[PDB]
$ cat structure.txt   # compact mmCIF, N, CA and C atoms
# COMPACT_ATOMS: atom_id res chain seq x y z
N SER A 2 -31.87 15.41 1.79
CA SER A 2 -30.70 14.76 1.12
C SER A 2 -29.38 15.07 1.85
N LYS A 3 -28.65 14.01 2.19
CA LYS A 3 -27.56 14.05 3.16
C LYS A 3 -26.20 14.41 2.55
N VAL A 4 -26.12 15.58 1.90
CA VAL A 4 -24.96 15.90 1.07
C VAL A 4 -23.67 16.13 1.83
N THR A 5 -23.78 16.48 3.11
CA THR A 5 -22.60 16.73 3.95
C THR A 5 -21.75 15.48 4.13
N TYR A 6 -22.42 14.35 4.30
CA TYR A 6 -21.72 13.08 4.33
C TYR A 6 -21.06 12.77 2.98
N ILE A 7 -21.74 13.09 1.89
CA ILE A 7 -21.19 12.84 0.56
C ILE A 7 -19.96 13.71 0.30
N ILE A 8 -20.10 15.01 0.52
CA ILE A 8 -19.01 15.97 0.36
C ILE A 8 -17.80 15.55 1.20
N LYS A 9 -18.09 14.93 2.33
CA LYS A 9 -17.04 14.46 3.23
C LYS A 9 -16.29 13.27 2.66
N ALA A 10 -17.01 12.19 2.37
CA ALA A 10 -16.41 10.99 1.77
C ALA A 10 -15.72 11.27 0.43
N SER A 11 -16.09 12.38 -0.21
CA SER A 11 -15.50 12.77 -1.48
C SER A 11 -14.23 13.61 -1.32
N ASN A 12 -13.76 13.75 -0.08
CA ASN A 12 -12.64 14.63 0.27
C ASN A 12 -12.80 16.04 -0.29
N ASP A 13 -14.04 16.51 -0.34
CA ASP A 13 -14.35 17.88 -0.75
C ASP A 13 -14.05 18.19 -2.22
N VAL A 14 -14.12 17.18 -3.08
CA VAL A 14 -14.13 17.43 -4.52
C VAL A 14 -15.53 17.81 -4.95
N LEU A 15 -16.51 17.30 -4.21
CA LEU A 15 -17.93 17.53 -4.49
C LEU A 15 -18.51 18.71 -3.71
N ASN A 16 -19.35 19.51 -4.34
CA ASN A 16 -20.12 20.47 -3.60
C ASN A 16 -21.55 19.99 -3.37
N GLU A 17 -22.39 20.86 -2.83
CA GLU A 17 -23.73 20.48 -2.41
C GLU A 17 -24.58 20.08 -3.61
N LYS A 18 -24.17 20.54 -4.78
CA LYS A 18 -24.95 20.36 -6.00
C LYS A 18 -24.57 19.08 -6.74
N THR A 19 -23.28 18.87 -6.89
CA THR A 19 -22.78 17.66 -7.53
C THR A 19 -23.03 16.42 -6.67
N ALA A 20 -23.14 16.66 -5.36
CA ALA A 20 -23.46 15.61 -4.39
C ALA A 20 -24.92 15.17 -4.46
N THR A 21 -25.83 16.14 -4.53
CA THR A 21 -27.25 15.82 -4.61
C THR A 21 -27.63 15.18 -5.95
N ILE A 22 -26.97 15.59 -7.03
CA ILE A 22 -27.20 14.96 -8.32
C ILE A 22 -26.66 13.54 -8.33
N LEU A 23 -25.53 13.32 -7.66
CA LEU A 23 -24.98 11.97 -7.50
C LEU A 23 -25.92 10.98 -6.81
N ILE A 24 -26.63 11.42 -5.76
CA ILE A 24 -27.53 10.51 -5.05
C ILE A 24 -28.69 10.08 -5.95
N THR A 25 -29.25 11.02 -6.69
CA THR A 25 -30.37 10.74 -7.57
C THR A 25 -30.04 9.64 -8.59
N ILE A 26 -28.86 9.75 -9.19
CA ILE A 26 -28.40 8.78 -10.18
C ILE A 26 -28.09 7.43 -9.54
N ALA A 27 -27.54 7.47 -8.32
CA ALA A 27 -27.19 6.27 -7.56
C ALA A 27 -28.42 5.42 -7.25
N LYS A 28 -29.54 6.12 -7.11
CA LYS A 28 -30.79 5.56 -6.62
C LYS A 28 -31.60 4.87 -7.73
N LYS A 29 -31.33 5.23 -8.97
CA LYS A 29 -32.09 4.67 -10.07
C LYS A 29 -31.18 4.47 -11.26
N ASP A 30 -30.83 3.21 -11.51
CA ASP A 30 -30.02 2.83 -12.66
C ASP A 30 -30.67 3.23 -13.98
N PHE A 31 -29.87 3.80 -14.88
CA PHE A 31 -30.32 4.19 -16.22
C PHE A 31 -31.29 5.36 -16.20
N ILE A 32 -31.33 6.09 -15.08
CA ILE A 32 -32.12 7.33 -15.03
C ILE A 32 -31.63 8.31 -16.12
N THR A 33 -32.51 9.18 -16.60
CA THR A 33 -32.10 10.12 -17.65
C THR A 33 -31.82 11.52 -17.08
N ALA A 34 -31.19 12.38 -17.88
CA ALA A 34 -30.93 13.77 -17.49
C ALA A 34 -32.23 14.51 -17.26
N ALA A 35 -33.24 14.18 -18.06
CA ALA A 35 -34.53 14.86 -17.95
C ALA A 35 -35.24 14.55 -16.64
N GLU A 36 -35.07 13.34 -16.11
CA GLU A 36 -35.63 13.05 -14.79
C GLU A 36 -34.78 13.56 -13.60
N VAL A 37 -33.47 13.60 -13.76
CA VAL A 37 -32.63 14.28 -12.76
C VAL A 37 -33.03 15.75 -12.62
N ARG A 38 -33.38 16.40 -13.73
CA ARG A 38 -33.75 17.81 -13.69
C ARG A 38 -35.07 18.04 -12.96
N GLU A 39 -36.00 17.10 -13.11
CA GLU A 39 -37.34 17.29 -12.58
C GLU A 39 -37.43 17.08 -11.06
N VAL A 40 -36.54 16.25 -10.52
CA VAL A 40 -36.51 16.05 -9.07
C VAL A 40 -35.60 17.07 -8.34
N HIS A 41 -35.03 18.01 -9.08
CA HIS A 41 -34.30 19.12 -8.49
C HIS A 41 -34.83 20.43 -9.03
N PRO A 42 -36.09 20.77 -8.71
CA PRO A 42 -36.67 22.06 -9.13
C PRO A 42 -35.82 23.22 -8.65
N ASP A 43 -35.23 23.04 -7.47
CA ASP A 43 -34.35 24.03 -6.85
C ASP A 43 -33.28 24.56 -7.79
N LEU A 44 -32.88 23.73 -8.75
CA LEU A 44 -31.75 24.08 -9.59
C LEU A 44 -32.12 24.43 -11.01
N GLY A 45 -31.29 25.24 -11.64
CA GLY A 45 -31.49 25.54 -13.05
C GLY A 45 -31.34 24.33 -13.94
N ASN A 46 -32.13 24.29 -15.00
CA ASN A 46 -32.12 23.12 -15.87
C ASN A 46 -30.74 22.92 -16.52
N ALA A 47 -30.09 24.02 -16.89
CA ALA A 47 -28.72 23.96 -17.43
C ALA A 47 -27.67 23.84 -16.33
N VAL A 48 -28.05 24.18 -15.11
CA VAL A 48 -27.16 23.90 -13.98
C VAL A 48 -27.03 22.40 -13.74
N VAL A 49 -28.16 21.70 -13.75
CA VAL A 49 -28.16 20.24 -13.58
C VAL A 49 -27.35 19.54 -14.68
N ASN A 50 -27.53 19.97 -15.92
CA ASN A 50 -26.77 19.43 -17.05
C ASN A 50 -25.27 19.66 -16.93
N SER A 51 -24.88 20.86 -16.51
CA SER A 51 -23.47 21.17 -16.25
C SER A 51 -22.89 20.23 -15.20
N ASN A 52 -23.58 20.13 -14.08
CA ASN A 52 -23.05 19.39 -12.94
C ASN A 52 -23.09 17.89 -13.16
N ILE A 53 -24.00 17.42 -14.02
CA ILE A 53 -23.95 16.04 -14.50
C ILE A 53 -22.68 15.84 -15.33
N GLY A 54 -22.34 16.83 -16.16
CA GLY A 54 -21.15 16.75 -16.98
C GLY A 54 -19.86 16.77 -16.17
N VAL A 55 -19.86 17.58 -15.11
CA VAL A 55 -18.75 17.61 -14.15
C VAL A 55 -18.57 16.26 -13.43
N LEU A 56 -19.66 15.51 -13.31
CA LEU A 56 -19.61 14.18 -12.68
C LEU A 56 -19.12 13.09 -13.64
N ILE A 57 -19.37 13.28 -14.93
CA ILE A 57 -18.83 12.36 -15.94
C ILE A 57 -17.34 12.59 -16.22
N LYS A 58 -16.91 13.85 -16.11
CA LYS A 58 -15.50 14.19 -16.27
C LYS A 58 -14.66 13.82 -15.05
N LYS A 59 -15.30 13.34 -13.99
CA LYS A 59 -14.58 12.97 -12.79
C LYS A 59 -14.51 11.46 -12.54
N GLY A 60 -15.33 10.72 -13.28
CA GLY A 60 -15.25 9.27 -13.25
C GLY A 60 -16.18 8.76 -12.19
N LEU A 61 -17.22 9.54 -11.91
CA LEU A 61 -18.24 9.17 -10.93
C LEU A 61 -19.54 8.70 -11.64
N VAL A 62 -19.82 9.37 -12.75
CA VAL A 62 -20.93 8.92 -13.61
C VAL A 62 -20.47 8.69 -15.04
N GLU A 63 -21.12 7.75 -15.72
CA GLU A 63 -20.91 7.54 -17.15
C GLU A 63 -22.29 7.37 -17.81
N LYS A 64 -22.38 7.74 -19.08
CA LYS A 64 -23.62 7.54 -19.82
C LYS A 64 -23.71 6.15 -20.48
N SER A 65 -24.84 5.49 -20.30
CA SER A 65 -25.15 4.27 -21.04
C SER A 65 -26.28 4.52 -22.03
N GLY A 66 -25.91 4.77 -23.29
CA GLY A 66 -26.86 5.23 -24.28
C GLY A 66 -27.49 6.55 -23.90
N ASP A 67 -28.73 6.49 -23.43
CA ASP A 67 -29.48 7.68 -23.03
C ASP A 67 -29.52 7.84 -21.50
N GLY A 68 -29.11 6.80 -20.79
CA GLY A 68 -29.26 6.77 -19.35
C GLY A 68 -27.97 7.04 -18.60
N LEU A 69 -28.11 7.36 -17.32
CA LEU A 69 -26.97 7.70 -16.47
C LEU A 69 -26.79 6.66 -15.37
N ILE A 70 -25.54 6.29 -15.14
CA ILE A 70 -25.23 5.23 -14.20
C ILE A 70 -23.91 5.54 -13.50
N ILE A 71 -23.80 5.16 -12.23
CA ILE A 71 -22.65 5.54 -11.41
C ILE A 71 -21.53 4.51 -11.49
N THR A 72 -20.31 5.01 -11.44
CA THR A 72 -19.12 4.20 -11.54
C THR A 72 -18.85 3.53 -10.20
N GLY A 73 -17.93 2.56 -10.18
CA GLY A 73 -17.47 2.00 -8.91
C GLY A 73 -16.88 3.03 -7.96
N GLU A 74 -16.07 3.95 -8.47
CA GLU A 74 -15.56 5.07 -7.67
C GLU A 74 -16.69 5.75 -6.91
N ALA A 75 -17.72 6.15 -7.64
CA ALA A 75 -18.90 6.79 -7.06
C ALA A 75 -19.61 5.98 -5.98
N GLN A 76 -19.71 4.67 -6.17
CA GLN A 76 -20.38 3.82 -5.20
C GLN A 76 -19.55 3.56 -3.94
N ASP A 77 -18.26 3.88 -3.99
CA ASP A 77 -17.44 3.84 -2.78
C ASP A 77 -17.75 5.05 -1.89
N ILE A 78 -17.85 6.22 -2.51
CA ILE A 78 -18.25 7.45 -1.84
C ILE A 78 -19.64 7.33 -1.20
N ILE A 79 -20.58 6.74 -1.95
CA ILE A 79 -21.95 6.52 -1.48
C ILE A 79 -22.00 5.57 -0.27
N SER A 80 -21.25 4.48 -0.31
CA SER A 80 -21.32 3.49 0.76
C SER A 80 -20.58 3.97 2.03
N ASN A 81 -19.45 4.64 1.82
CA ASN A 81 -18.77 5.36 2.90
C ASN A 81 -19.73 6.36 3.54
N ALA A 82 -20.27 7.26 2.72
CA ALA A 82 -21.21 8.27 3.18
C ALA A 82 -22.39 7.72 3.99
N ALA A 83 -23.03 6.66 3.51
CA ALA A 83 -24.21 6.13 4.18
C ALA A 83 -23.86 5.42 5.48
N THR A 84 -22.65 4.87 5.55
CA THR A 84 -22.18 4.20 6.76
C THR A 84 -21.87 5.21 7.88
N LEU A 85 -21.19 6.30 7.52
CA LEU A 85 -21.02 7.49 8.35
C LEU A 85 -22.34 7.95 8.96
N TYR A 86 -23.27 8.32 8.09
CA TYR A 86 -24.58 8.77 8.51
C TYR A 86 -25.23 7.75 9.44
N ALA A 87 -25.31 6.51 8.98
CA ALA A 87 -26.00 5.47 9.71
C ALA A 87 -25.51 5.29 11.14
N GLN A 88 -24.20 5.45 11.34
CA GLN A 88 -23.63 5.32 12.68
C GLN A 88 -23.94 6.52 13.58
N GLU A 89 -24.07 7.70 12.97
CA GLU A 89 -24.37 8.93 13.72
C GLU A 89 -25.84 9.06 14.09
N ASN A 90 -26.67 8.26 13.43
CA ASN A 90 -28.11 8.28 13.63
C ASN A 90 -28.68 6.94 14.07
N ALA A 91 -27.83 6.01 14.48
CA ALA A 91 -28.25 4.61 14.60
C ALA A 91 -29.52 4.38 15.41
N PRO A 92 -29.66 4.98 16.60
CA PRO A 92 -30.85 4.68 17.40
C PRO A 92 -32.13 5.27 16.80
N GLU A 93 -31.96 6.29 15.97
CA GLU A 93 -33.08 6.92 15.27
C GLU A 93 -33.52 6.11 14.06
N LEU A 94 -32.56 5.48 13.38
CA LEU A 94 -32.85 4.66 12.20
C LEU A 94 -33.44 3.30 12.56
N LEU A 95 -33.01 2.73 13.68
CA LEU A 95 -33.23 1.32 14.01
C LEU A 95 -34.55 0.97 14.69
N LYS A 96 -35.35 1.98 15.02
CA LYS A 96 -36.62 1.76 15.73
C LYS A 96 -37.60 0.86 14.96

$ encode --input "structure.txt" --output "structure tokens"
Amino acid sequence: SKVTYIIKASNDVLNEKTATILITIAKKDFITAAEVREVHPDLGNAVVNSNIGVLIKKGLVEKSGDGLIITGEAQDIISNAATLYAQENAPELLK
């Protein structure tokens, strides 16, 4: 997971943890907190919940009923980030 690009496009508001949780939510619309927790065994279950909350208080994620979905702000960081990465790895990606 390419969190350095994310932390970069976020002007360093994001750390390695809030960045990795952001990608998971970005990747699956209406994903739940319980599934975000399961794909990050590395992290504490209450750590994931905290950092999801830190992402809602920043205007990057919002809750839709039971599910989690990323804001337009968040998708600017994601598209910036992936374009950065893609250009630094282009000949490796394009084969």

$ closest_residue --input "structure.txt" --among "A:33, A:52, A:2, A:16" --to "residue 68 in chain A" --atoms "all atoms listed in the file"
A:33

$ select_by_dssp --input "structure.txt" --residues "range 2-31 of chain A" --states "helix (DSSP H, G or I)" --output "number ranges by chain"
A: 4-10, 17-28

$ atom_distance --input "structure.txt" --atom1 "CA of residue 31 in chain A" --atom2 "CA of residue 72 in chain A"
12.1 Å

$ axis_aligned_box --input "structure.txt" --around "range 67-83 of chain A" --padding-each-side "5 Å" --output "JSON"
{"center_x": -22.5, "center_y": 5.1, "center_z": -9.0, "size_x": 24.0, "size_y": 16.3, "size_z": 38.9}

$ closest_residue --input "structure.txt" --among "A:34, A:78, A:61, A:44" --to "residue 6 in chain A" --atoms "only C-alpha atoms"
A:78

$ atom_distance --input "structure.txt" --atom1 "CA of residue 10 in chain A" --atom2 "atom C of residue 96 in chain A"
26.9 Å

$ atom_distance --input "structure.txt" --atom1 "CA of residue 93 in chain A" --atom2 "CA of residue 8 in chain A"
22.4 Å

$ select_by_dssp --input "structure.txt" --residues "chain A" --states "strand (DSSP E or B)" --output "list in words"
residues 32, 62, 63, 64, 65, 68, 69, 70 and 71 of chain A

$ closest_residue --input "structure.txt" --among "A:95, A:85, A:22, A:75" --to "residue 51 in chain A" --atoms "only C-alpha atoms"
A:22

$ closest_residue --input "structure.txt" --among "A:5, A:38, A:21, A:60" --to "residue 82 in chain A" --atoms "only N, CA and C atoms"
A:5

$ residues_around --input "structure.txt" --residues "residue 32 in chain A" --least-positions-apart "6" --cutoff "8 Å" --atoms "all atoms listed in the file" --output "PyMOL selection string"
chain A and resi 25-26+67-70

$ closest_residue --input "structure.txt" --among "A:24, A:87, A:74, A:79" --to "residue 40 in chain A" --atoms "only C-alpha atoms"
A:24

$ closest_residue --input "structure.txt" --among "A:46, A:92, A:56, A:36" --to "residue 23 in chain A" --atoms "all atoms listed in the file"
A:56

$ decode --input "structure.txt" --residues "range 40-70 of chain A" --atoms "N, CA and C atoms" --output "short mmCIF file (atom, residue, chain, number, x, y, z; two decimals), in the first residue's frame"
data_model
loop_
_atom_site.label_atom_id
_atom_site.label_comp_id
_atom_site.auth_asym_id
_atom_site.auth_seq_id
_atom_site.Cartn_x
_atom_site.Cartn_y
_atom_site.Cartn_z
N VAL A 40 -9.11 -6.20 7.10
CA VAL A 40 -8.03 -6.11 6.12
C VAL A 40 -6.79 -5.34 6.64
N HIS A 41 -6.84 -4.92 7.90
CA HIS A 41 -5.67 -4.35 8.56
C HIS A 41 -5.41 -5.06 9.87
N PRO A 42 -5.04 -6.36 9.80
CA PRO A 42 -4.70 -7.12 11.01
C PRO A 42 -3.59 -6.43 11.79
N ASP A 43 -2.68 -5.81 11.05
CA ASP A 43 -1.55 -5.07 11.61
C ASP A 43 -1.95 -4.10 12.71
N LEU A 44 -3.18 -3.60 12.64
CA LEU A 44 -3.60 -2.54 13.53
C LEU A 44 -4.59 -2.99 14.58
N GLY A 45 -4.60 -2.29 15.71
CA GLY A 45 -5.59 -2.56 16.72
C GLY A 45 -7.00 -2.25 16.27
N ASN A 46 -7.95 -3.04 16.74
CA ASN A 46 -9.32 -2.89 16.29
C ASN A 46 -9.89 -1.50 16.67
N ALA A 47 -9.52 -1.02 17.85
CA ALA A 47 -9.91 0.33 18.29
C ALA A 47 -9.00 1.41 17.70
N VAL A 48 -7.83 1.01 17.23
CA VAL A 48 -7.00 1.95 16.47
C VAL A 48 -7.65 2.29 15.13
N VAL A 49 -8.12 1.28 14.42
CA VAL A 49 -8.81 1.48 13.14
C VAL A 49 -10.06 2.37 13.30
N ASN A 50 -10.84 2.10 14.34
CA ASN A 50 -12.02 2.91 14.64
C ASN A 50 -11.70 4.37 14.94
N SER A 51 -10.65 4.59 15.72
CA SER A 51 -10.17 5.94 16.01
C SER A 51 -9.80 6.67 14.73
N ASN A 52 -8.98 6.02 13.91
CA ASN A 52 -8.43 6.67 12.74
C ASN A 52 -9.46 6.84 11.63
N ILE A 53 -10.48 5.99 11.63
CA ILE A 53 -11.66 6.23 10.79
C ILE A 53 -12.38 7.50 11.26
N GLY A 54 -12.47 7.68 12.57
CA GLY A 54 -13.11 8.86 13.13
C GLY A 54 -12.35 10.14 12.85
N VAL A 55 -11.02 10.05 12.90
CA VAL A 55 -10.14 11.16 12.51
C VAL A 55 -10.30 11.54 11.04
N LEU A 56 -10.70 10.57 10.21
CA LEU A 56 -10.93 10.82 8.78
C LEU A 56 -12.30 11.44 8.51
N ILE A 57 -13.27 11.14 9.37
CA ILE A 57 -14.59 11.80 9.26
C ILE A 57 -14.58 13.23 9.80
N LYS A 58 -13.75 13.47 10.81
CA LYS A 58 -13.60 14.82 11.35
C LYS A 58 -12.75 15.73 10.46
N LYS A 59 -12.20 15.18 9.39
CA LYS A 59 -11.37 15.97 8.50
C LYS A 59 -12.01 16.26 7.14
N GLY A 60 -13.09 15.54 6.86
CA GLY A 60 -13.88 15.82 5.67
C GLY A 60 -13.37 14.98 4.53
N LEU A 61 -12.76 13.85 4.88
CA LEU A 61 -12.23 12.91 3.90
C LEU A 61 -13.17 11.68 3.75
N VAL A 62 -13.72 11.29 4.90
CA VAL A 62 -14.76 10.24 4.87
C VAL A 62 -16.03 10.70 5.56
N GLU A 63 -17.16 10.19 5.10
CA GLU A 63 -18.45 10.39 5.78
C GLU A 63 -19.18 9.04 5.84
N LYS A 64 -20.02 8.88 6.85
CA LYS A 64 -20.82 7.66 6.95
C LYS A 64 -22.15 7.76 6.19
N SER A 65 -22.46 6.74 5.41
CA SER A 65 -23.78 6.59 4.80
C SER A 65 -24.52 5.42 5.43
N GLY A 66 -25.39 5.73 6.39
CA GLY A 66 -26.01 4.71 7.20
C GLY A 66 -24.99 3.91 7.99
N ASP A 67 -24.72 2.70 7.51
CA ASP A 67 -23.77 1.79 8.15
C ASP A 67 -22.43 1.75 7.41
N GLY A 68 -22.41 2.32 6.21
CA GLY A 68 -21.25 2.21 5.35
C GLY A 68 -20.40 3.45 5.31
N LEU A 69 -19.17 3.29 4.82
CA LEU A 69 -18.20 4.38 4.75
C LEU A 69 -17.87 4.73 3.31
N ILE A 70 -17.81 6.02 3.03
CA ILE A 70 -17.62 6.49 1.67
C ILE A 70 -16.78 7.78 1.69
#
